[PDB]
Novice: 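One structure, pasted below without further comment.
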Amino acid sequence: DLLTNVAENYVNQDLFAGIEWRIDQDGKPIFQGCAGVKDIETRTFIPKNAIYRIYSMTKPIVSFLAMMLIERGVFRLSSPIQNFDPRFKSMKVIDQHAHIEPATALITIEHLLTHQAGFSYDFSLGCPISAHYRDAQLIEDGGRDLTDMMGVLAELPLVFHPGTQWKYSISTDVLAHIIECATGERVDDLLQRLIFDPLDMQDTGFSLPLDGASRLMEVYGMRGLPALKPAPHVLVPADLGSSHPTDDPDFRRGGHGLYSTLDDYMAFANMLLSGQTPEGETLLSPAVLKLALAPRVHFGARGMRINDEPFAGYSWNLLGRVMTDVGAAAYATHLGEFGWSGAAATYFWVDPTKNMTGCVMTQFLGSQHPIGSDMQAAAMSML
Amino acid sequence: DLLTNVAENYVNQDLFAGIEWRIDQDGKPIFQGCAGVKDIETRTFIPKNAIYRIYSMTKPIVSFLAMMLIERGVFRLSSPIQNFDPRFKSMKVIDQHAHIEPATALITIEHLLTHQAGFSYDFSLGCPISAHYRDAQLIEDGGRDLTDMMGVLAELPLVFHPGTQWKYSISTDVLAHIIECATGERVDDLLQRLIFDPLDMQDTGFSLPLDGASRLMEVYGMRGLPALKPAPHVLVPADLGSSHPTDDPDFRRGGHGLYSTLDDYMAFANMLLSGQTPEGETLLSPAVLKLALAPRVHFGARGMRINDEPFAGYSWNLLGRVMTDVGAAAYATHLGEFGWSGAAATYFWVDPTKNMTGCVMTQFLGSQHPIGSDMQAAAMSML
Amino acid sequence: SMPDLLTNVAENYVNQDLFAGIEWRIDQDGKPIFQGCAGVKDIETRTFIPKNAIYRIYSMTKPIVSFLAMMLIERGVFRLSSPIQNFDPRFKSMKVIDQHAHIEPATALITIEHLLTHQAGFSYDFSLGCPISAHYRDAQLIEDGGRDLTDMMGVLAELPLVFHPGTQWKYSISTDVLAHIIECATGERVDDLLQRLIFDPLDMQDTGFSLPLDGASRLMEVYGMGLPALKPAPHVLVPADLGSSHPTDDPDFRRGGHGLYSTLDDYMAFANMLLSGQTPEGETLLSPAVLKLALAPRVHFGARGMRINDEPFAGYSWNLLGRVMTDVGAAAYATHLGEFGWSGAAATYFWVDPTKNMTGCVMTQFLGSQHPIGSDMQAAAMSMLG
């Protein structure tokens with residue numbers, strides 16, 4: 001049981017407080033377990049249906065919603081976002097030499113899904129614009145309505161011309177906002193109706209369930225001025241400020257902010273093998289699922305990198321990473337394996353060749369240890 | 001019987017003293033033979049279970065051990081080696097113009113396995129650093145403990161920045177050393193427990209078996225100042241100095257130094273078809289075996305070259321060569337054929353499309369004749 | 001009203017225990033304007049610097065042998081375009097080696113011009129990281145000073161070059177090859193040719209490959225610390241061991257790139273001559289046209305600039321005799337456009353500055369110096385001369 005050995009070693013080395021995992025094949029669990037505790041302060045065991053802040057594992061969910069709306073004719077990949085919110089007309093582009101000029105291409109829905117729109121992120125080290133994101137408190141000010149956040153973002157320059165480069169970004173939040181503009185509905189309501197309810201994901205949302213406080217896992221880690229070197233990997237509770245409220249009824253985002261559980265996320269992951277619920281209700285057609293999963297952004301010498309961290313052998317599709325060269329991969333995988341991960345070290349994968357899904361839930365910000373990939377590798381090796 | 005014709009012609013032309021070969025399919029011998037003698041001085045026949053110095057056929061064995069340790073979570077491909085031995089912190093890089101500068105990337109386990117770490121080799125002709133390797137007697141001083149050898153090597157510059165180029169190298173010795181650092185065990189003990197014993201390779205090791213002296217094949221050839229032109233290919237016994245002891249209990253390396261037999265090496269080769277022992281015990285999972293065999297280093301105009309000798313149509317994986325273009329190949333093969341070879345002209349291959357393995361054992365240093373490839377070609381043509 | 005910065009530099013170097021003894025002279029219009037000495041002959045006994053003190057000038061031999069070659073060109077013995085294989089067939093069918101162990105036939109013939117410009121593809125025994133210098137060291141090309149020049153050349157000729165002739169620049173043993181080819185072309189010895197054509201006309205009575213008869217007591221001690229070092233040895237005044245590279249009394253010892261003994265006074269006679277091509281009495285050693293041909297910038301450098309063992313010569317190009325300043329805005333120390341000259345491994349240095357009708361030479365003996373005394377003294381003189 002390599003999975004247990006990895007998780008237990010991580011717990012025993014005081015690197016993670018508590019870890020849960022499940023690996024399914026053909027929609028049924030084949031490996032599963034937990035190690036550690038909910039919180040090191042009281043050493044409470046990991047609760048039944050423990051709740052995690054999934055951070056950027058919000059992105060494949062919101063991206064999937066966008067694909068559903070494309071299928072239903074709300075907009076299309078080539079739709080210019082300015083057609084839905086004119087605040088995104090007349091974008092400018094800044095460079096590392098202080099040069100600003102008008103954007104020479106319009107931002108599209110596809111650009112948002114592929115992180116080729118030119119947006120950045122508040123915590124991006126060395127970025128020509130991230131200081132201005134931090135000044136604006138785009139991520140920090142969680143209490144600010146999504147619609148208002150976007151108005152502030154829209155006034156800032158991009159860091160390249162849309163379509164011309166790749167940089168992991170706040171574009172998924174822009175996407176959630178554009179979905180609201182296009183549909184006349186709220187993104188949280190849309191997610192509930194179109195994805196969560198059909199998949200019985202009753203613990204997933206931007207606010208805690210009413211009985212959720214005792215189920216919320218503690219979050220650790222020291223990781224907004226971007227650090228020049230990682231903070232020591234030590235288990236001290238993280239201060240989230242006002243970035244991530246537990247009970248704000250209007251809090252909603254595209255790139256982060258969801259609470260979920262291992263069981264709920266596995267329901268989502270398993271659905272991505274087919275585009276159907278376990279009962280056989282279609283959420284997304286096979287054709288649009290193929291469109292969403294096909295490698296869409298390919299990388300040069302440096303490969304795919306986020307804050308200079310590598311994703312070896314991965315390309316980008318409309319939902320997240322996709323393995324396109326096993327001979328370049330840094331850990332066990334198969335061609336076509338796809339998925340994503342979150343800032344607090346949550347990780348999942350879908351491996352179509354093996355009809356396999358996997359998810360690892362933990363809560364550590366700024367991890368110096370790739371727990372998610374270590375667990376995927378362990379699971380792959382146990383097949 | 002093309003194999004016999006090739007081997008007998010080589011013996012009859014006074015080019016090799018003695019040659020043994022075996023080709024298996026589905027784990028059973030289909031072609032096998034021997035030609036010549038153990039030694040030309042006494043013309044003793046090749047003994048039962050004759051012992052050979054396999055030189056760099058040590059590398060796929062130690063590389064396979066590394067893959068096993070990766071699977072078991074000891075380290076990962078992306079692990080910086082300086083985390084295990086800080087003597088490898090702050091590496092420098094030298095060029096052919098006498099310029100030295102700090103390395104701009106850390107050496108990883110993957111770099112060691114792929115010969116992309118920037119190390120060189122003592123006998124490398126024209127190398128900006130090989131003179132310093134020879135001065136340090138890195139290969140020559142076999143009596144020096146691996147751990148101490150590494151301390152001397154660590155103080156020398158690399159010949160390129162890690163990850164940026166390929167050069168066949170002493171990196172497999174570094175890998176054996178880093179395995180020792182990571183596990184707290186000796187590499188020879190690890191090989192014995194994890195590979196040799198499960199595969200019944202009882203004649204393989206860094207020292208001769210107690211009854212091994214009469215079974216050791218004589219080594220010939222004139223081939224440490226790198227020669228500008230090959231020495232004549234003549235059968236004179238080779239002087240190994242103190243590079244390759246027969247009975248030193250602490251002698252252990254990663255890139256050379258093993259004694260083995262035809263039968264033992266075929267057990268290893270056959271195992272590489274599946275990752276299992278003949279009984280069905282898993283040594284390495286199918287997933288990590290795939291990761292290890294996938295083409296990982298691709299070559300430009302000159303193709304893969306070692307001391308300017310070509311390996312036409314071959315790419316490099318984590319264990320050795322792998323055939324990636326039959327239309328570029330210089331001798332009969334199939335896509336995916338893989339394996340390696342040693343300095344005394346030992347050679348093996350594994351051909352997954354044909355469930356085929358082959359090994360040629362002989363002892364000649366500095367051969368002007370590609371006996372290994374000639375025998376592979378003969379075997380391929382006999383299918 | 002400028003103070004004597006030259007004496008200050010030299011005295012500071014001696015007082016800091018960095019150099020044992022230093023002499024210098026700066027001339028303008030062929031007459032001394034600044035001169036001095038600091039320190040001693042040897043720190044062991046603190047014997048004073050003798051009058052007419054003798055120095056091993058190492059590669060300050062190169063401009064002298066190069067000048068001889070230009071005289072022989074003027075006189076019709078050979079030309080810049082002459083293939084050297086026409087004079088010594090051992091240099092036919094050269095090969096080229098690279099850093100990837102690849103060897104192939106040379107695709108261009110080595111010419112006299114290639115030897116003078118270090119574009120022939122030769123290297124040097126002490127070249128760090130060089131694809132061939134290990135073979136030079138194995139062959140003891142520089143170390144075996146007792147081997148006749150002609151015989152050393154036979155050994156060198158069998159080794160590969162490190163680039164195709166004419167295609168790159170690398171400072172090299174090519175000046176030794178030049179001295180050898182001079183002997184082949186003339187049927188005379190290079191030491192005899194230097195004596196008759198240069199030394200005697202310029203009254204350089206103390207310059208040659210062996211010590212003068214009264215030379216032993218006048219020889220300055222050499223200080224400083226095989227396998228090229230990966231970092232400089234500490235700069236410390238310990239006497240240097242020269243092995244058998246630089247004999248004092250071998251009658252057949254002669255080279256092109258090193259090996260001469262000389263004095264400050266003799267070297268200044270040579271340097272002053274380079275302002276005009278004439279002796280002080282007006283004998284023409286080299287016509288103005290061929291002198292111009294010899295001094296014109298001939299090799300230009302890219303990014304990285306001119307480098308030897310990765311040490312920079314900032315703003316310098318190469319002409320047929322040595323360095324020439326081609327961009328004062330790239331220069332790392334005071335100079336004028338067209339300033340030229342060379343230096344030796346024991347930290348001897350000279351320059352000629354046609355814009356100021358100025359010449360300067362610093363003589364000292366330190367191998368492996370970590371302090372650029374020659375350039376410091378040039379900069380001082382430049383600052384003193386308006």
Side-chain angles (χ1 to χ4, degrees), chain A residues 1-13 15 23 25 31 35 229-230 233 301-303 305 308-314 323-337 349 351 353-354 356 358 367-383, chain B residues 66-80 83 104-106 108-114 116 161-166 182-183 275-276 282-300 314-324 335-336 338:
Chain A
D1 188 352
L2 301 175
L3 283 157
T4 293
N5 293 349
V6 171
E8 303 271 29
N9 176 251
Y10 272 129
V11 168
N12 294 334
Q13 293 183 9
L15 295 174
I23 291 73
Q25 186 170 52
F31 315 128
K229 55 168 185 73
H233 196 294
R302 293 291 295 162
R305 297 207 170 240
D308 202 44
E309 298 303 316
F311 297 77
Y314 289 100
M323 170 51 47
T324 53
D325 187 0
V326 179
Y331 57 92
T333 183
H334 301 285
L335 276 178
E337 169 261 291
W349 74 92
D351 184 355
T353 68
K354 301 292 179 189
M356 182 206 330
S367 177
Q368 292 196 35
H369 297 88
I371 179 172
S373 71
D374 282 348
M375 298 288 280
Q376 178 176 311
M380 294 289 172
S381 303
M382 288 164 255
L383 290 194
Chain B
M67 300 311 100
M68 292 179 74
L69 300 173
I70 288 167
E71 180 173 274
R72 296 167 187 213
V74 173
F75 44 46
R76 60 183 82 76
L77 288 172
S78 70
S79 290
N83 291 0
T104 55
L106 304 179
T108 62
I109 295 293
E110 179 168 345
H111 295 155
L112 298 184
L113 288 154
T114 60
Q116 291 178 302
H161 288 95
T164 67
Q165 307 182 10
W166 189 89
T183 58
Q276 297 172 359
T282 304
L283 296 189
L284 193 67
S285 70
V288 179
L289 184 60
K290 168 151 245 305
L291 186 73
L293 295 179
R296 185 163 296 268
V297 191
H298 294 95
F299 295 88
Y314 289 100
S315 294
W316 192 261
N317 65 28
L318 295 166
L319 313 185
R321 78 183 183 264
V322 57
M323 170 51 47
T324 53
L335 276 178
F338 66 93

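Every chain is numbered from 1 and lettered A, B, ... according to where its sequence line falls, protein lines coming before strand lines. These values consider heavy atoms only, across backbone and side chains, with no hydrogens, waters or symmetry-generated copies.
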Novice: Return the set of residues passing salt bridge (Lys or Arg N to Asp or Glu O under 4.0 Å) with B:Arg72 (not counting sequence neighbours), or none when no residue passes.
Specialist: none
Novice: Salt bridge (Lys or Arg N to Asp or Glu O under 4.0 Å) with B:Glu71: which residues, sequence neighbours excluded?
Specialist: none
Novice: What option among A:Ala329, A:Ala377, A:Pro310, A:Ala378 has the most heavy-atom pairs under 4.5 Å with chain B?
Specialist: A:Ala329
Novice: Looking only at heavy atoms, which two atoms of B:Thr324 and B:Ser315 are closest? And how far apart?
Specialist: OG1-OG, 2.8 Å
Novice: Check each atom of A:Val6 against the heavy atoms of chain B and say whether the ones under 4.5 Å are side chain, backbone, both or neither.
Specialist: neither
Novice: Could you have a look at A:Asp374, A:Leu383, A:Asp325 and say which one has the most heavy-atom pairs with chain B under 4.5 angstrom?
Specialist: A:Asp374
Novice: Output all residues satisfying ring-ring contact (aromatic ring centres under 6.0 Å, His included) with B:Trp316, sequence neighbours left out; order by chain, then residue number.
Specialist: B:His115, B:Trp166, B:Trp340
Novice: Do B:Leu318 and B:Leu77 come within less than 4.5 Å of each other through their side chains, counting heavy atoms only?
Specialist: yes
Novice: Given B:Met67 and B:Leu113, is the side chain to side chain contact (heavy atoms under 4.5 Å, CB included) satisfied, shown in steps?
Specialist: CA-CA 10 Å; B:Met67 300 311 100; B:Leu113 288 154; 2.9 Å; yes
Novice: Using 30° and 60° as the class limits, which term best fits the ring planes of A:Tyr331 and A:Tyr314: parallel, tilted or perpendicular?
Specialist: tilted
Novice: Any residues in residues 286-294 of chain B near chain A, with a heavy-atom distance under 4.5 Å, and which are they?
Specialist: B:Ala287, B:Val288, B:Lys290, B:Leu291, B:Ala294
